[PDB]
Amino acid sequence: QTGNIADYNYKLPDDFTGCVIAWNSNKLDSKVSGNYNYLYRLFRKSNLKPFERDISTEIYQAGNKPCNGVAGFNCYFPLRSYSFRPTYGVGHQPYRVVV
Amino acid sequence: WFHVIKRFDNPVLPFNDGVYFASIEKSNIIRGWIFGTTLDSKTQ
Amino acid sequence: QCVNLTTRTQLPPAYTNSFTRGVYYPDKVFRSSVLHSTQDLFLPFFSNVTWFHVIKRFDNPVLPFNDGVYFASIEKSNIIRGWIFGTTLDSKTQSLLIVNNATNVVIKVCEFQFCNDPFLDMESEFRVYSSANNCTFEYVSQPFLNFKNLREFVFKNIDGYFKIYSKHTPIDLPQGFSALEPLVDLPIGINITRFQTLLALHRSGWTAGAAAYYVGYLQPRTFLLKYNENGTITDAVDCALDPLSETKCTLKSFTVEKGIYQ
Amino acid sequence: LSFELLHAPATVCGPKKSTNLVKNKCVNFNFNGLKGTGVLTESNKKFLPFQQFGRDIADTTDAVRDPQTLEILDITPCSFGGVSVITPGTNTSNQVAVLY
Amino acid sequence: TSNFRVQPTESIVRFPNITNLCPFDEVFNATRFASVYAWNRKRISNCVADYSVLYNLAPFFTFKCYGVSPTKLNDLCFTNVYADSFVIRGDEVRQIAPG
Amino acid sequence: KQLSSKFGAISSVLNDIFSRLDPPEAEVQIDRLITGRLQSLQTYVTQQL
Amino acid sequence: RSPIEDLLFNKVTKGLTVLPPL
Ligand SMILES: *[C@@H]1O[C@H](CO)[C@@H](O)[C@H](O)[C@H]1NC(C)=O
Ligand SMILES: *[C@@H]1O[C@H](CO)[C@@H](O)[C@H](O)[C@H]1NC(C)=O
Ligand SMILES: *[C@@H]1O[C@H](CO)[C@@H](O)[C@H](O)[C@H]1NC(C)=O
Ligand SMILES: *[C@@H]1O[C@H](CO)[C@@H](O)[C@H](O)[C@H]1NC(C)=O
Ligand SMILES: *[C@@H]1O[C@H](CO)[C@@H](O)[C@H](O)[C@H]1NC(C)=O
Ligand SMILES: *[C@@H]1O[C@H](CO)[C@@H](O)[C@H](O)[C@H]1NC(C)=O
Ligand SMILES: *[C@@H]1O[C@H](CO)[C@@H](O)[C@H](O)[C@H]1NC(C)=O
Ligand SMILES: *[C@@H]1O[C@H](CO)[C@@H](O)[C@H](O)[C@H]1NC(C)=O
């Protein structure tokens, strides 16, 4: 698969054997002001290998200017917060996925 | 080949693929190995 | 701006034959010294073709838009101007318009308002359509243009792509064979049901020179394509005309030996 | 600035057509969708302007023209073929020779 | 026993010669833009966007894109681009946000 | 000439199928293509024998 | 070659390869 998570967050190999288990967690895991405890990554230097967890907090660099650990010109924060709310649709509904 | 005697050969080499480690070891000198991308708190 | 004309004379259309005309390149694939067979729309060999004469003769009829069309014209002094394509020739549906004056060619598709007798008038008048509301595509290019010159045009509408193939061979339909190189491809993707033509009028009451054009319809029957050492088409053989050419199609050769064959 | 995600036939694609060209080497070219391996060699055969890519008796891309440049290049495969080994019996000796 | 074959090294064919099919300077280099309430609408279709001209100004402000990361704007293929240009004072530049 | 046969696939070319079709089924399509080519090769070998 | 064999020779005209005869 190809996507935001299927490329930079979690990959599944072609010979993977198992099951994918999902549930609606909008009753418990959602917050009226928004649940920012769960975060996702959008900026990576290369594609993430399957069954690999990335815990690097380094700022992604696009241009030749060094980010020096902070965002700025051609520098963006890889980590982004979720928008889990109970009053929104399926797209903002958190789902508990167990692999 | 690395020889330790007064020689202290502990270099850092990249891990591009799998490695084969052979040691003619006496009295249990070698204890273990350290593996990591950058060997710091920024990585695992 | 269109007005009624009552100077047209009533005459039945003429019919002639299409001995060795109506073969183009199936694709942009180059071939050298190989015998290749392809399945697409093509003009059948030795097939019927409709003939019209314009001299005082005025011939602007209404013809359908079958999957394959063939247009040939024995043209002198550039009397021809272009063609009209559409479904009902009004603003209720998209229509394709082709014009090519003395300096350039304009390819336009829009919901033009067409009258019952389109015409074009050196040239100092332009009375073809009336309105243009829903269209955003326009194209311009270099102009494509006793008898001395010939024109051969075919139009194909496959997968929403309109293909116009042109070839000029300066010298009834003359006896001979020639290639038909593709000219331009445009991704229009519209519904076309009835098509028309444009003829230029000379003012000196209007007088036009002697001209004639041929209109035909292609067929999806299987043919044979021969590629010489120069990559051009020299001879073609129908696979369903006579049994000898059917066996030529079966044996994949232009000659057959003495024997029994099914 | 706002866009639409898969609500209509696509019109504005980004430029993904490699960086440069390779001559006198068999590398995998991607000519607007078709993928093949061969050495780009100059051709003395005249090419009509409408033709884009050639075809051999094997129905494979052996000739092509540049999508922008008017120059024409022929696809010729580089060195390939089977290899055989000649040797005497193992009881006699172990010397071997290579043969293509 | 086997066959001999050399392997390819690089995969480069041509360069992005593709020219711009529609002007773009009318949305940011105009002499005067429309008002905040009567903001004009610009239609972009059947064209190609050259986003490599993004670096033109020294005081150029950061992207702060919402929903699309600027890293992957190139391999995307869109079908309709909307341009909405109107003037905002400098002390409510963060007002344009959901919620 | 039998190499340029569809053999029930979308196209006779392999790389466009690999880079366009979802691998899960693309594996089935390429398996059908290579087994059709194997059948043609086996027929050729039998005729040659 | 004798001319009879010469006349007989004159009257006769991607992984795959042709092995030359021994
Ligand atoms: C692993 O680390 C190397 C350098 O240490 C880096 O080049 C590579 O991209 C990393 N792998 C992933 C999946 O990020
Ligand atoms: C062509 O069609 C006309 C009527 O449409 C017919 O009179 C004529 O005999 C036909 N000619 C041939 C060669 O079929
Ligand atoms: C030919 O038609 C085009 C239509 O775009 C027009 O601009 C041009 O002036 C015309 N030329 C003449 C000589 O009428
Ligand atoms: C076509 O143009 C007319 C203008 O008279 C407009 O009313 C109509 O909505 C348009 N239709 C489309 C599909 O754009
Ligand atoms: C053309 O007409 C047919 C039948 O009326 C319809 O199915 C088709 O969608 C039309 N084409 C377009 C592009 O709308
Ligand atoms: C092919 O073209 C050459 C010119 O390079 C010409 O001399 C030759 O007669 C042509 N062959 C045919 C069959 O027309
Ligand atoms: C880009 O293409 C045009 C024609 O398509 C050509 O004239 C031009 O030379 C090309 N660019 C370069 C750098 O060669
Ligand atoms: C827009 O204006 C800037 C400065 O006024 C100039 O540098 C640039 O060339 C213009 N055009 C584009 C396409 O940015």
# chains A, B, ... in the order shown; residues from 1 in each chain; ligands from 1

$ residues_near_ligand --ligand "ligand 5" --cutoff "10 Å" --atoms "only C-alpha atoms and all ligand atoms" --output "list in words"
residues 87, 93, 94, 160, 188, 189, 190, 191, 192 and 193 of chain C

$ residues_around --residues "residue 78 in chain A" --least-positions-apart "3" --cutoff "7 Å" --atoms "only C-alpha atoms" --output "ChimeraX atom specification"
/A:41-43,59-60

$ atom_distance --atom1 "CA of residue 50 in chain A" --atom2 "CA of residue 13 in chain A"
6.6 Å

$ residues_near_ligand --ligand "ligand 7" --cutoff "8 Å" --atoms "only C-alpha atoms and all ligand atoms" --output "count of residues only"
5

$ residues_near_ligand --ligand "ligand 2" --cutoff "7 Å" --atoms "only C-alpha atoms and all ligand atoms" --output "list in words"
residues 15, 17, 47, 48 and 49 of chain C

$ write_last_selection --atoms "C-alpha atoms" --output "CSV table (one decimal), in the first residue's frame"
chain,number,residue,atom,x,y,z
C,15,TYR,CA,-20.7,8.0,-56.9
C,17,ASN,CA,-14.8,4.2,-56.5
C,47,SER,CA,-15.2,0.4,-52.0
C,48,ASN,CA,-18.0,2.9,-52.6
C,49,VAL,CA,-17.2,6.6,-52.0

$ residues_near_ligand --ligand "ligand 6" --cutoff "8 Å" --atoms "only C-alpha atoms and all ligand atoms" --output "ChimeraX atom specification"
/C:228-230,234 /D:46

$ residues_around --residues "residue 98 in chain E" --least-positions-apart "3" --cutoff "12 Å" --atoms "only C-alpha atoms" --output "count of residues only"
5

$ closest_atom_pairs --of "chain A" --to "ligand 1" --cutoff "9 Å" --atoms "only C-alpha atoms and all ligand atoms" --output "JSON lines"
{"residue": "A:8", "atom": "CA", "partner": "ligand 1", "partner_atom_place_in_ligand_line": "13 (C)", "distance": 8.5}
{"residue": "A:44", "atom": "CA", "partner": "ligand 1", "partner_atom_place_in_ligand_line": "14 (O)", "distance": 7.4}
{"residue": "A:45", "atom": "CA", "partner": "ligand 1", "partner_atom_place_in_ligand_line": "9 (O)", "distance": 6.5}
{"residue": "A:46", "atom": "CA", "partner": "ligand 1", "partner_atom_place_in_ligand_line": "9 (O)", "distance": 5.4}
{"residue": "A:47", "atom": "CA", "partner": "ligand 1", "partner_atom_place_in_ligand_line": "13 (C)", "distance": 5.6}
{"residue": "A:48", "atom": "CA", "partner": "ligand 1", "partner_atom_place_in_ligand_line": "13 (C)", "distance": 4.0}
{"residue": "A:49", "atom": "CA", "partner": "ligand 1", "partner_atom_place_in_ligand_line": "13 (C)", "distance": 4.9}
{"residue": "A:50", "atom": "CA", "partner": "ligand 1", "partner_atom_place_in_ligand_line": "13 (C)", "distance": 8.5}
{"residue": "A:52", "atom": "CA", "partner": "ligand 1", "partner_atom_place_in_ligand_line": "13 (C)", "distance": 7.8}
{"residue": "A:54", "atom": "CA", "partner": "ligand 1", "partner_atom_place_in_ligand_line": "14 (O)", "distance": 7.8}

$ interface_residues --of "chain C" --to "chain D" --cutoff "9 Å" --atoms "only C-alpha atoms" --output "number ranges by chain"
C: 27-32, 34-36, 181-183, 229-232

$ write_last_selection --atoms "N, CA, C and O atoms" --output "mmCIF file, in the first residue's frame"
data_model
loop_
_atom_site.group_PDB
_atom_site.id
_atom_site.type_symbol
_atom_site.label_atom_id
_atom_site.label_comp_id
_atom_site.auth_asym_id
_atom_site.auth_seq_id
_atom_site.Cartn_x
_atom_site.Cartn_y
_atom_site.Cartn_z
ATOM 1 N N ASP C 27 -0.383 3.749 -36.178
ATOM 2 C CA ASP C 27 0.142 4.378 -34.973
ATOM 3 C C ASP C 27 1.457 5.056 -35.348
ATOM 4 O O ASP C 27 1.862 5.054 -36.517
ATOM 5 N N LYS C 28 2.132 5.639 -34.357
ATOM 6 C CA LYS C 28 3.437 6.252 -34.550
ATOM 7 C C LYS C 28 4.577 5.248 -34.413
ATOM 8 O O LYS C 28 5.714 5.644 -34.132
ATOM 9 N N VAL C 29 4.294 3.963 -34.600
ATOM 10 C CA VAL C 29 5.289 2.908 -34.459
ATOM 11 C C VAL C 29 6.070 2.796 -35.762
ATOM 12 O O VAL C 29 5.482 2.624 -36.836
ATOM 13 N N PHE C 30 7.393 2.895 -35.670
ATOM 14 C CA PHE C 30 8.248 2.777 -36.842
ATOM 15 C C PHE C 30 8.554 1.312 -37.132
ATOM 16 O O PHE C 30 8.836 0.528 -36.222
ATOM 17 N N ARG C 31 8.490 0.946 -38.410
ATOM 18 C CA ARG C 31 8.795 -0.409 -38.845
ATOM 19 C C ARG C 31 9.648 -0.349 -40.102
ATOM 20 O O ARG C 31 9.509 0.562 -40.923
ATOM 21 N N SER C 32 10.537 -1.331 -40.247
ATOM 22 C CA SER C 32 11.467 -1.373 -41.371
ATOM 23 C C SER C 32 11.593 -2.804 -41.869
ATOM 24 O O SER C 32 12.052 -3.679 -41.127
ATOM 25 N N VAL C 34 9.496 -5.201 -42.508
ATOM 26 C CA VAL C 34 8.734 -6.215 -41.793
ATOM 27 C C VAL C 34 7.287 -6.159 -42.268
ATOM 28 O O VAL C 34 6.790 -5.110 -42.693
ATOM 29 N N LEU C 35 6.620 -7.311 -42.231
ATOM 30 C CA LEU C 35 5.213 -7.424 -42.601
ATOM 31 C C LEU C 35 4.392 -7.484 -41.318
ATOM 32 O O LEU C 35 4.494 -8.447 -40.551
ATOM 33 N N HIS C 36 3.580 -6.456 -41.086
ATOM 34 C CA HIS C 36 2.804 -6.325 -39.863
ATOM 35 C C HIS C 36 1.321 -6.232 -40.189
ATOM 36 O O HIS C 36 0.929 -5.617 -41.186
ATOM 37 N N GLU C 181 0.359 10.436 -43.676
ATOM 38 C CA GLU C 181 1.039 10.683 -42.413
ATOM 39 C C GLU C 181 0.106 11.384 -41.428
ATOM 40 O O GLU C 181 -0.681 12.249 -41.826
ATOM 41 N N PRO C 182 0.157 11.023 -40.147
ATOM 42 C CA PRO C 182 -0.605 11.771 -39.140
ATOM 43 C C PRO C 182 -0.088 13.192 -38.984
ATOM 44 O O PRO C 182 1.091 13.481 -39.202
ATOM 45 N N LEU C 183 -0.997 14.088 -38.599
ATOM 46 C CA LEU C 183 -0.696 15.510 -38.498
ATOM 47 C C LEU C 183 -0.745 16.021 -37.063
ATOM 48 O O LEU C 183 0.241 16.581 -36.575
ATOM 49 N N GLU C 229 11.962 -0.539 -46.943
ATOM 50 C CA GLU C 229 13.205 -0.138 -46.296
ATOM 51 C C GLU C 229 13.218 1.332 -45.897
ATOM 52 O O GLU C 229 14.114 1.743 -45.153
ATOM 53 N N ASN C 230 12.261 2.129 -46.372
ATOM 54 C CA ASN C 230 12.166 3.538 -46.018
ATOM 55 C C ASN C 230 11.092 3.819 -44.976
ATOM 56 O O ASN C 230 10.896 4.981 -44.605
ATOM 57 N N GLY C 231 10.393 2.792 -44.496
ATOM 58 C CA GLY C 231 9.399 2.969 -43.458
ATOM 59 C C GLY C 231 8.057 3.492 -43.918
ATOM 60 O O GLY C 231 7.220 3.824 -43.070
ATOM 61 N N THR C 232 7.820 3.579 -45.221
ATOM 62 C CA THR C 232 6.554 4.061 -45.751
ATOM 63 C C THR C 232 5.720 2.903 -46.287
ATOM 64 O O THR C 232 6.232 1.822 -46.594
#

$ residues_near_ligand --ligand "ligand 4" --cutoff "10 Å" --atoms "only C-alpha atoms and all ligand atoms" --output "VMD selection string"
chain C and resid 91 to 94 110 to 111 131 to 135

$ residues_near_ligand --ligand "ligand 8" --cutoff "9 Å" --atoms "only C-alpha atoms and all ligand atoms" --output "PyMOL selection string"
chain E and resi 23-26+28-30+53-57

$ write_last_selection --atoms "C-alpha atoms" --output "PDB file, in the first residue's frame"
ATOM      1  CA  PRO E  23       0.308  31.903 -16.618  1.00  0.00           C
ATOM      2  CA  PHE E  24       0.773  32.089 -12.856  1.00  0.00           C
ATOM      3  CA  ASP E  25       2.108  35.613 -12.190  1.00  0.00           C
ATOM      4  CA  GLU E  26      -1.413  37.105 -12.264  1.00  0.00           C
ATOM      5  CA  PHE E  28       0.842  37.144  -6.882  1.00  0.00           C
ATOM      6  CA  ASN E  29       2.471  39.842  -9.080  1.00  0.00           C
ATOM      7  CA  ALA E  30      -0.692  41.841  -9.812  1.00  0.00           C
ATOM      8  CA  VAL E  53       9.932  28.869  -8.914  1.00  0.00           C
ATOM      9  CA  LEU E  54       8.835  29.001  -5.263  1.00  0.00           C
ATOM     10  CA  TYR E  55      12.015  30.848  -4.176  1.00  0.00           C
ATOM     11  CA  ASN E  56      11.800  34.418  -5.475  1.00  0.00           C
ATOM     12  CA  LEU E  57      11.728  36.694  -2.416  1.00  0.00           C
TER      13      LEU E  57
END

$ closest_residue --among "D:75, D:36, D:91, D:83" --to "chain E" --atoms "only C-alpha atoms"
D:83

$ residues_near_ligand --ligand "ligand 3" --cutoff "6 Å" --atoms "only C-alpha atoms and all ligand atoms" --output "PyMOL selection string"
chain C and resi 101-104

$ residues_around --residues "residue 81 in chain D" --least-positions-apart "5" --cutoff "7 Å" --atoms "only C-alpha atoms" --output "PyMOL selection string"
(chain E and resi 3-4) or (chain G and resi 15)

$ residues_around --residues "residue 10 in chain A" --least-positions-apart "3" --cutoff "7 Å" --atoms "only C-alpha atoms" --output "ChimeraX atom specification"
/A:5-7,50-51

$ closest_residue --among "E:19, E:62, E:2, E:85" --to "chain A" --atoms "only C-alpha atoms"
E:62

$ residues_around --residues "residue 18 in chain D" --least-positions-apart "2" --cutoff "8 Å" --atoms "only C-alpha atoms" --output "PyMOL selection string"
(chain D and resi 16+20) or (chain E and resi 11-16)

$ select_by_dssp --residues "range 9-79 of chain A" --states "strand (DSSP E)" --output "VMD selection string"
chain A and resid 21 to 24 39 to 41 60 to 61 75 to 76 79

$ residues_around --residues "range 9-19 of chain B" --least-positions-apart "2" --cutoff "9 Å" --atoms "only C-alpha atoms" --output "mmCIF file with N, CA and C atoms, in the first residue's frame"
data_model
loop_
_atom_site.group_PDB
_atom_site.id
_atom_site.type_symbol
_atom_site.label_atom_id
_atom_site.label_comp_id
_atom_site.auth_asym_id
_atom_site.auth_seq_id
_atom_site.Cartn_x
_atom_site.Cartn_y
_atom_site.Cartn_z
ATOM 1 N N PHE B 2 42.381 -7.603 13.176
ATOM 2 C CA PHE B 2 42.755 -6.695 14.253
ATOM 3 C C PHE B 2 43.399 -7.508 15.365
ATOM 4 N N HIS B 3 44.564 -7.064 15.827
ATOM 5 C CA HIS B 3 45.310 -7.749 16.874
ATOM 6 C C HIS B 3 45.399 -6.857 18.104
ATOM 7 N N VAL B 4 45.114 -7.430 19.270
ATOM 8 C CA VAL B 4 45.148 -6.716 20.541
ATOM 9 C C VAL B 4 46.208 -7.358 21.423
ATOM 10 N N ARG B 7 48.653 -2.995 21.953
ATOM 11 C CA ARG B 7 47.798 -2.582 20.850
ATOM 12 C C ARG B 7 46.355 -2.511 21.327
ATOM 13 N N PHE B 21 31.884 -12.445 12.332
ATOM 14 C CA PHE B 21 32.837 -12.154 13.398
ATOM 15 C C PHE B 21 33.492 -13.454 13.846
ATOM 16 N N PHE B 35 26.080 -1.918 18.591
ATOM 17 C CA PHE B 35 25.488 -1.670 17.282
ATOM 18 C C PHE B 35 24.566 -0.462 17.366
ATOM 19 N N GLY B 36 24.694 0.446 16.407
ATOM 20 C CA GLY B 36 23.840 1.619 16.366
ATOM 21 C C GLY B 36 24.196 2.485 15.177
ATOM 22 N N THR B 37 23.215 3.288 14.756
ATOM 23 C CA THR B 37 23.405 4.137 13.584
ATOM 24 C C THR B 37 24.404 5.254 13.861
#

$ closest_atom_pairs --of "chain G" --to "chain D" --cutoff "10 Å" --atoms "only C-alpha atoms" --output "Markdown table"
| residue | atom | partner | partner_atom | distance |
| --- | --- | --- | --- | --- |
| G:14 | CA | D:81 | CA | 8.5 |
| G:15 | CA | D:81 | CA | 6.6 |
| G:16 | CA | D:81 | CA | 8.7 |
| G:17 | CA | D:81 | CA | 8.2 |
